[PDB]
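**Student:** got a sequence here, can you model it:
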Amino acid sequence: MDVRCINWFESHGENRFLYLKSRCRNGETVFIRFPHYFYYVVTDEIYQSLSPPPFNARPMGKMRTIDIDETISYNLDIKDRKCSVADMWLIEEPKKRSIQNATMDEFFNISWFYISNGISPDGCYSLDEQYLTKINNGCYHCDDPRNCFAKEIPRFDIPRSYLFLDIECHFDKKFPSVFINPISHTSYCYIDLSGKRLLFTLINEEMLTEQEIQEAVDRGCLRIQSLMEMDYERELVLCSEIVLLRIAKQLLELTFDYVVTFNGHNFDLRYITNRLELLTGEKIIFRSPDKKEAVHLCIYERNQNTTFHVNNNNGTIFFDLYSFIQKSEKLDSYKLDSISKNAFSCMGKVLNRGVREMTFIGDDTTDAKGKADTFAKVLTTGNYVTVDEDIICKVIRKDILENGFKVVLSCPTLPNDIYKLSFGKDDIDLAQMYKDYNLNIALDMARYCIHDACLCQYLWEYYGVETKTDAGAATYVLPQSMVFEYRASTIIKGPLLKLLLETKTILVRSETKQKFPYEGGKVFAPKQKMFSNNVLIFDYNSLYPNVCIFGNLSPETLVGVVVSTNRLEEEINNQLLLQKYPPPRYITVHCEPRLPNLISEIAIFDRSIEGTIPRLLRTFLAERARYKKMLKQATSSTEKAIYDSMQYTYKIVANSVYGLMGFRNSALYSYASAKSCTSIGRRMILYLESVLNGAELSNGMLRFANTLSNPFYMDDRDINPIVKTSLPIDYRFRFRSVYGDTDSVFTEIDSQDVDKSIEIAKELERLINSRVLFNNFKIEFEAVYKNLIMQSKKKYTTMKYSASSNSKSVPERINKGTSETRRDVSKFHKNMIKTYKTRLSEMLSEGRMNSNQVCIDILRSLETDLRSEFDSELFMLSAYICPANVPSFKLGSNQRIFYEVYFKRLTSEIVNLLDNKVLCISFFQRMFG
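**Tutor:** Numbers count the residues shown, from 1 in each chain. Please find the structure below.
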């Protein structure tokens, strides 16, 4: 019988078990229960000399154990590590025994299960059917996982179930409390195994008066007096609160494959269960699959920025999107409004204008393929849209096109014909509506809560979490319900263990580590944006993993660190370690001194056998590069999800390995290796940005900086500063010194072609990341053209992104910083920040002569505004009172205070765009008096 695995889980009673929940071909679901053992690793000696004899033990082979402790050497006499060799035994037992000198401890009893047994938590297995004995209906027990899970088949499709919920509560103060406030609304999106999606909402009837309830029943709703009274097909129901809560219980008490919410783990579910306890004294109960354990719902936490989780043990996965997008996405606000805003969007086109309402259409080529369809999907329960920015309007008419959408909005008439359409701000005042409760707002808020619940599913389909949860269970060998609950240090041990088991290696740290805190990293800061004449945007393809491969860094390829407390010891040691330890078999790095006291720290690495971290990284990059292709060759729509989730997985795992070498408590911990990263890397950065000036002309000049040398040694690799390109024609375009970062490189062409300059970056990629480079270091060429405004770190600027497809281009103009979201300040006299920003942007449409015009106009107009309304809505840019007599925080008629500061600011912040350092401090002085 051929099953596909859904999720594995554990049980922590007196007795341990592992459960597999699985679905067959036809859809009938099965539970399989294995015992759960504590594992250990012993040397042969300890294996036989041990008593009592263990439960089971089978030999692993013949492994090499290595000590990797880091010891600062002083003279030069570097010694060699204890690389013992022996025969290993893997020992399993049902209880917890403490055994002295048992290595290979850092791993969980769950990885030992999947590895030593040949089981992958994503497999589609044809079970061998004689080993599975009945326990109960859909609960078979197994004893020999090897023979039972011996087969394998190609992957086959299954159905799944869901439930997406939301509640809304009565409130009148700051923000409600379970002891004082009843639950007004309760919504639910129920998608069944048979695959029909049913929506419904329940309305608290103790909140309304008698004849209003009458109008409701006459109006289309339903009324119920008990649990048995409800059907799941009524679009709306009216019921008391006890019934509402009993339905919530009974319906989260089922075996849904997922239960998806948004902040549902500390607010929604906590409210529901607590109110239920409060009113009726009954509880939410979870059985085991074998009916021999019962638990009650009680949220717990995993403080790491905490994260709340649900304590269920029947196989369900209780997801919560809030945590997931907090982890996997780096956004500025994690309010449902903003994510639903920028995720779901499309460009629409007006067909007829009108009075106080307009009509839009959304389709094919009007904008990119597909998002019209998604927009039409969420529009099915939408109420308020945003007109291209900031302009909220209620929806008037909906129409599901065959391919897009027609919508009619209550928005005022506008000039243009094409617009952005961004789905959600929902400016609604809830408290007031709670003050004057009548039937109409009840029927409105039903439409709001149901839409919220459905958004909580449109997102889960937008991110494809259902396939990341599987890619992460195959790579990151672990159950499906662990994949998003833990930190990097806990998820890498799977692939690491699988590596150690092929290379017959064990690493043991017999020392207690010491922490020498250090730099995290240097911040790079550009000094001009705009007139620069559109910068390219060359990118690094995974520097840190490439460096950890080149230098062959590892905790066990480190010969030693040698130091020196004073000069005349450096130069001794220094001509010494070149006579011995010569390149290329050896690479040596100067690090930042550990104990603030000496001044050396040369670390030496042996580039003759593969370190462990280099093996790991090599496989990761290798397989990501493959799935990058099988995606390009996939045609069905179910594969293009599986492969894309896989490459994303490998990307994550790779980019998580540098920062983890530094973590003192990880398993890849190696102080010297961490410090040698950032060191090789930052030499690499300076070596690129240095040779980049390269005024190309006379059919190819491109000297770069000066020389094309290779640091760390002489490679004998054609250092010829002059070089001939493909050379489309002759040119006279020179490059300006650049700014760069850990990840990118902003080479600002000073010639400024017009948009064809691109042909210049192509061929530039042709050479720099191909001829001015040594090993696996390589090419990217992204593109962020136009005259950005770098108001700060790479995080804050204009977007203005116009990718390599310049043919008939439309760029992303709006914003990259989005530090324009939190106020925490006053709100009267600004709002110009927008207008100042837009003026400064539009003034640089040209590139040559609007520099002086920029400074002149911005500072003159700012002075005129400031003076006019010093003597006669928005403050976002992410109580002590002052007088204004120079020529709990609220405003008064005392506006003349902060006119003075923010106007100084608006120009003091944006300084990395212009170079007219004259009028800048000139207006600075003008406003001084």
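
**Student:** just list the residues touching residue 657, thanks.
**Tutor:** With contact taken as CB atoms under 8 Å, 6 or more residues apart in numbering, residue 657 is in contact with 492, 544, 545, 548, 613, 616, 617, 620, 668. Yep, even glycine has a C-beta here, placed from its N, CA and C like the rest.

**Student:** now with 10 Å, please.
**Tutor:** 488, 492, 496, 544, 545, 548, 613, 616, 617, 620, 666, 668 (CB atoms under 10 Å, 6 or more residues apart in numbering).

**Student:** is it possible to get CSV of the residues you listed that adds secondary structure and neighbour count?
**Tutor:** Formatted as CSV, the contacts of residue 657 follow (DSSP: H, G, I helix; E, B strand; the rest coil; neighbours: other CB atoms under 10 Å):
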residue, secondary structure, neighbour count
488, helix, 16
492, coil, 19
496, helix, 20
544, helix, 21
545, helix, 22
548, helix, 26
613, helix, 26
616, helix, 25
617, helix, 23
620, helix, 23
666, coil, 19
668, coil, 26
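
**Student:** element containing residue 431, please.
**Tutor:** helix 430-435 (DSSP states H and E).

**Student:** let's verify residue 266: helix, strand, or coil?
**Tutor:** Here residue 266 is recorded as helix under DSSP: H, G, I helix; E, B strand; the rest coil.

**Student:** for the closest residue to it other than its chain neighbours, grab the count of nearby residues.
**Tutor:** Nearest non-adjacent residue to residue 266, counting by CB to CB, 6 or more residues apart in numbering: residue 308, 4.6 Å away. Counted with other CB atoms under 10 Å, residues neighbouring residue 308 total 18.

**Student:** which elements pack onto the helix or strand following the helix holding residue 431?
**Tutor:** Counting by DSSP H and E, the element after helix 430-435 in chain order, helix or strand, is helix 439-463. Counting contacts by 3 or more CB pairs under 10 Å, 6 or more residues apart in numbering; DSSP states H and E, helix 439-463 packs against strand 162-169, strand 183-191, strand 197-204, helix 210-219, helix 321-328, helix 336-343, helix 371-378, helix 430-435.

**Student:** list the contacts of the last one.
**Tutor:** Same thing as helix 430-435. Counting by CB under 10 Å, 6+ apart, 168-174, 176, 181, 184, 207, 429, 440-442, 444-445, 448 sit against helix 430-435.

**Student:** grab the most central residue of the protein for me.
**Tutor:** In the chain, the centroid-proximal residue (CA atoms, centre = their mean) is residue 328; its distance is 2.2 Å.

**Student:** distance check, that residue against residue 819.
**Tutor:** Residue 328 is 21 Å from residue 819, where distance means CB to CB, to the nearest Å.

**Student:** was I right about the residue nearest to the centre of the chain contacting residue 464?
**Tutor:** No. Contact criterion CB atoms under 10 Å: residue 328 and residue 464 do not qualify, at 11.5 Å.

**Student:** give me the common contacts of these two.
**Tutor:** Common neighbours of residue 328 and residue 464, counting by CB under 10 Å, 6+ apart, are residue 648.

**Student:** figure out which of the helices and strands packed on helix 439-463 is closest to residue 292.
**Tutor:** Of all the helices and strands packed on helix 439-463, the one in closest proximity to residue 292, counting by CB to CB, is strand 162-169 (25.7 Å).

**Student:** can you name every helix or strand that that closest one contacts?
**Tutor:** By 3+ CB pairs under 10 Å, 6+ apart, strand 162-169 packs against strand 183-191, strand 197-204, helix 241-252, strand 258-259, helix 269-280, helix 430-435, helix 439-463.

**Student:** give me the helices and strands touching the shortest one, please.
**Tutor:** Looking back up the chat, that one is strand 258-259. Judged by 3+ CB pairs under 10 Å, 6+ apart, strand 258-259 is in contact with strand 162-169, strand 317-318, helix 465-474.

**Student:** what of the fifth one?
**Tutor:** Taking 3+ CB pairs under 10 Å, 6+ apart as the contact definition, the neighbouring helices and strands of helix 269-280 are strand 162-169, strand 183-191, helix 241-252.

**Student:** one step back: quick check: the farthest pair among the contacts of residue 657?
**Tutor:** The largest separation in those, counting by CB to CB, is between 496 and 544 at 17.2 Å.

**Student:** what separation do you get for residue 780 and residue 701?
**Tutor:** 24 Å.

**Student:** of these two, who's got more company?
**Tutor:** A side-by-side neighbour count of residue 780 and residue 701, using other CB under 10 Å, places residue 701 first with 18 against 15.

**Student:** next, the buried residues of stretch 140-156.
**Tutor:** Neighbour counts over stretch 140-156 (16 or more other CB atoms under 10 Å) mark 140, 141, 142, 145, 148, 149 as buried.

**Student:** which two from those end up farthest apart in space?
**Tutor:** 141 and 149 (14.1 Å).

**Student:** what strand or helix carries residue 225?
**Tutor:** Using DSSP H and E, no helix or strand contains residue 225.

**Student:** the nearest residue to it once chain neighbours are set aside: neighbouring residues, count only.
**Tutor:** In this structure, residue 225 finds its nearest non-sequential neighbour in residue 243, 7.9 Å apart by CB to CB, 6+ apart. Using other CB under 10 Å, the number of residues around residue 243 comes to 20.

**Student:** quick one: the residue nearest to residue 266 and residue 326 touch, right?
**Tutor:** No. With contacts counted by CB under 10 Å, residue 308 stays clear of residue 326, the gap being 11.7 Å.

**Student:** joint contacts of these two?
**Tutor:** Here residue 308 and residue 326 have residue 320 as joint contacts, going by CB under 10 Å, 6+ apart.

**Student:** and stretch 168-182, what's buried?
**Tutor:** Neighbour counts using 16+ other CB under 10 Å place 168, 169, 170, 176, 178, 181, 182 of stretch 168-182 among the buried residues.

**Student:** residue 740 contacts residue 522, correct?
**Tutor:** No. Residue 740 lies out of contact with residue 522 (CB under 10 Å); the separation is 11.1 Å.

**Student:** neighbour-wise, which of these two wins?
**Tutor:** Just comparing residue 740 and residue 522: by other CB under 10 Å the higher neighbour count belongs to residue 740, 20 against 11.

**Student:** so that one is in which element?
**Tutor:** Going by DSSP H and E, residue 740 is not in any helix or strand.

**Student:** how about the contacts made by it?
**Tutor:** The neighbours of residue 740, taking CB under 10 Å, 6+ apart as the test, are 524, 526, 538, 540, 685, 686, 688, 689, 690, 692, 746, 747.
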